[PDB]
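In: give me the fold of what follows.
(one chain, ligands or ions: 2)
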Amino acid sequence: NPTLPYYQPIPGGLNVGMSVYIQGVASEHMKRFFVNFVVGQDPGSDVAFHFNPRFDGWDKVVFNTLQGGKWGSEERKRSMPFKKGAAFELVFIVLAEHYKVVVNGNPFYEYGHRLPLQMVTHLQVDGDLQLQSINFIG
Ligand SMILES: OC[C@H]1O[C@@H](O[C@H]2[C@H](O)[C@@H](O)[C@H](O)O[C@@H]2CO)[C@H](O)[C@@H](O)[C@H]1O
Ligand SMILES: [Ca+2]
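Out: Numbers count the residues shown, from 1 in each chain. Ligands and ions are numbered 1, 2, ... in the order given. Below you will find the coordinate block:
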């Protein structure tokens, strides 16, 4: 099983039609975790899409982009699709318009592209979860 933090090159880079399958388990003691779609592996690399479930405060998920080391306008959904201790299936479908986020078969969010998606080279995952597998399809 992959170890954390996980920071992996996406084969051939990100492209439309690709789906990222993440199987994991949310920690019994989960505060946060994130999945980042990252542009390169340099100090201060841009993050085209930051997906950040949070139990601090109102349980929620935060979505954003980091460009030039600055966070953009945050998007939020005040709903939590994960559960402490519970296994989950997290899927990112890459479409021309947005990343479509699906959690346990349910559509959860559509994040509109801010950085051109072909810039993304790496998937990065860290925080309060256990990773079982990550597969790239398409
Ligand atoms: O937006 C993603 C980014 O959020 C940072 O925290 C934000 C916080 O969500 C917001 O409510 C507050 O106004 O500004 C904070 C600083 O930008 C996190 O620090 C970072 O890890 C990302 O998750
Ligand atoms: Ca809470």
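In: give me every residue in the protein lying close to ligand 2.
Out: Contacts of the chain with ligand 2, taken as C-beta under 5 Å from the ion, map to 55, 59. Every C-beta, even on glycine, is put in place using the N, C-alpha and C of the backbone.
In: secondary structure class for the residue lying farthest from the centre of the chain?
Out: What lies farthest from the middle of the chain is residue 57; by C-alpha atoms, centre = their mean that is 20.3 Å. Under DSSP: H, G, I helix; E, B strand; the rest coil, the three-state class of residue 57 is coil.
In: which ones are touching it?
Out: For residue 57, the contact set (C-beta atoms under 8 Å, 6 or more residues apart in numbering) is empty.
In: ok, the one 5 residues further on next?
Out: If a contact means C-beta under 8 Å, 6+ apart, then residue 62 has 50, 52-54, 74-76 as its contacts.
In: now it: how far from residue 6?
Out: In this view, residue 62 and residue 6 are 19 Å apart by C-beta to C-beta, to the nearest Å.
In: mind telling me what element the residue positioned nearest the centre of the chain is part of?
Out: Compute the mean C-alpha point of the chain, and by C-alpha atoms, centre = their mean the closest residue is residue 35, 2.9 Å away. Using DSSP states H and E, residue 35 sits in strand 33-39.
In: which secondary structure elements does whichever helix or strand comes after that strand sit against?
Out: Downstream of strand 33-39, the next assigned helix or strand under DSSP H and E is strand 46-54. Here strand 46-54 touches strand 33-39, strand 60-67, going by 3 or more C-beta pairs under 8 Å, 6 or more residues apart in numbering; DSSP states H and E.
In: can you lay out those strands as TSV showing distance to residue 136?
Out: Shown next, in TSV, are the helices and strands packed on strand 46-54 (distance: least, C-beta to C-beta, whole Å):
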stretch	distance to residue 136
strand 33-39	12
strand 60-67	21
